[PDB]
Each structure stands twice: as C-alpha cells, then as structure tokens.
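Every read-out reported here was derived from the displayed coordinates using simple, explicitly stated rules and does not represent laboratory data. Cβ placement follows ideal geometry from the backbone for every residue including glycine, while neighbour counts extend to all protein chains displayed.
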Amino acid sequence: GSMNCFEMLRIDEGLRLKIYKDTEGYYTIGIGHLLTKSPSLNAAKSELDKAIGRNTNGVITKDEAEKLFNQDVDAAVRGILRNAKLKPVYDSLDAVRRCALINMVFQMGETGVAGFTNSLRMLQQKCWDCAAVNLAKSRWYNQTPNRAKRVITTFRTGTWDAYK
Ligand SMILES: [Zn+2]
C-alpha cells in the first residue's frame, strides 16, 4: 500500500539478492547495480563488501539493495538535471510521475527518453490522456507491452494504481 520507486522497479525490472551478470558479461547485484566490468568475483564481493559495510560473499538483504537503488536514482536524476530536454518537464510533475520517468530512464537511457520530445512536453501542460496515447505509439510500447502500459497508466493518473 505504501509504494516507492524502488518497489515498482522491483515489479518491472526485477530484484536479485545475489550477484548475477548483466547482458554483456558483467556481474551485477540487486536491480541493475553495476559493480565493475571485471571477472574477479573477489573484486565483486570486495566492492560489495566495501559499499555495504558488512563483509559477505555477494548476498545482501532487501533493505541493503534499496540503499544502492536510492544511490542509483540519486545519480540517475543527477544526470537527468544535466539533460536539457529531460530537465524542464520533470520539474513540473508529482513525485510518482517523476518515478515513472526514472523508470524509463533506467530502461532505455537518457537520450532514449529524450527522444519522446513531443510526448515529454504534453506532460508539462499536463495533457495526461493525449501524452499517454501518443506514448502508446512507440516501438518501446510494443516490444515490452506490459511494463510500458503500467508506466503510461501512472503517467495518466499520477497514482500507484496500476501496480496493485
Ligand atoms: Zn490538449
């Protein structure tokens, strides 16, 4: 009932409490938290063993991965506020629609979400249904229909309704 960004991106991206591998031969942990592009698993559990504070073998708790996720969004939007097109309209919505933006940011990337120039600015004038249906006309929406429909519904309502 009390949803935050980290949980909704656990619904859509996926949370793993053990170290895995990103799609290019690179370990990860949690929700897309990259450590290094090296094969040294000891360097893996050493970067993890130095970022968490407890020395473990690559397994953490669900509340310690949320820490690293909050770091990842605190740097992600540190990048958003340096992108000229993502900066304006983000400063215009409510917290949950901003999370709906950071989700796509972490899904495709800064220039990826920047491409929806027309779709982004109708959110500024708060044209929820129009920007929603225009966002539904995307290859993004077609290659992963489910998640995109969730994000677009939160762009519409500005609520966590679609994730319950
Ligand atoms: Zn309109």
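Tally time: how many residues in the stretch 118-164 are among the charged types (D, E, K, R) and within 24 Å of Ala84 (Cα to Cα)?
5
Please count how many residues of the stretch 76-95 are surrounded by fewer than 20 Cβ atoms within 10 Å (Cβ to Cβ) and under 15 Å from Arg156 (Cα atoms).
Here is the first cut: in the stretch 76-95, the residues surrounded by fewer than 20 Cβ atoms within 10 Å (Cβ to Cβ) are 76-79, 81-85, 87-88, 91-95.
Still in the list and also under 15 Å from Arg156 (Cα atoms): 92-95.
The total comes to 4.
Report whether or not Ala84 is of a type in the set (A, V, I, L, M), more than 16 Å from the ligand (Cβ to nearest atom) and either more than 20 Å from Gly32 (Cβ to Cβ) or part of a loop (DSSP other than H, G, I, E, B) (or both). Please lay out each step first, then the result.
On the way: of a type in the set (A, V, I, L, M): yes; more than 16 Å from the ligand (Cβ to nearest atom): yes; either more than 20 Å from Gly32 (Cβ to Cβ) or part of a loop (DSSP other than H, G, I, E, B) (or both): yes.
Against the criterion (of a type in the set (A, V, I, L, M), more than 16 Å from the ligand (Cβ to nearest atom) and either more than 20 Å from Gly32 (Cβ to Cβ) or part of a loop (DSSP other than H, G, I, E, B) (or both)), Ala84 qualifies.
Quick one: is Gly25 at positive phi and exposed (fewer than 15 other Cβ atoms within 10 Å of the Cβ)? First the steps, then the outcome.
Values: at positive phi: yes; exposed (fewer than 15 other Cβ atoms within 10 Å of the Cβ): yes.
Considered against the rule, which asks whether it is at positive phi and exposed (fewer than 15 other Cβ atoms within 10 Å of the Cβ), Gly25 comes out as yes.
Where residues in the stretch 103-148 are outside any helix (DSSP H, G or I) and of a type in the set (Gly, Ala, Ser), which of them is nearest to the ligand (Cβ to nearest atom)?
At the first step, the residues of the stretch 103-148 found to be outside any helix (DSSP H, G or I) are 109, 115-116, 122-127, 136-138, 144.
Within this subset, residues satisfying the condition of being of a type in the set (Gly, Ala, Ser) are 109, 115, 136, 138.
On the way: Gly109: 28, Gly115: 21, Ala136: 16, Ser138: 19 Å.
By that ranking, first place goes to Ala136.
Name the residues in the stretch 131-141 that are farther than 17 Å from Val96 by Cα and either among the hydrophobic types (A, V, I, L, M, F, W, C) or in contact with a helix residue (DSSP H, G or I) (Cβ under 8 Å, 6 or more places away or on another chain) (or both), would you? Steps first, please.
Of the residues in the stretch 131-141, the ones farther than 17 Å from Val96 by Cα are 133-141.
Matches in the stretch 131-141: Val133, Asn134, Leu135, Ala136, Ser138, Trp140, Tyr141.
Scan the stretch 118-130 and report the pairs whose first residue is within 13 Å of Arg97 (Cα to Cα) and whose second residue is more than 11 Å from the ligand (Cβ to nearest atom) and not aromatic (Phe, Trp, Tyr), with Cβ atoms within less than 6 Å and a gap of 6+ or a chain change.
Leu120/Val89; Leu123/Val89; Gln124/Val89; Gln124/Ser92; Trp128/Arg156
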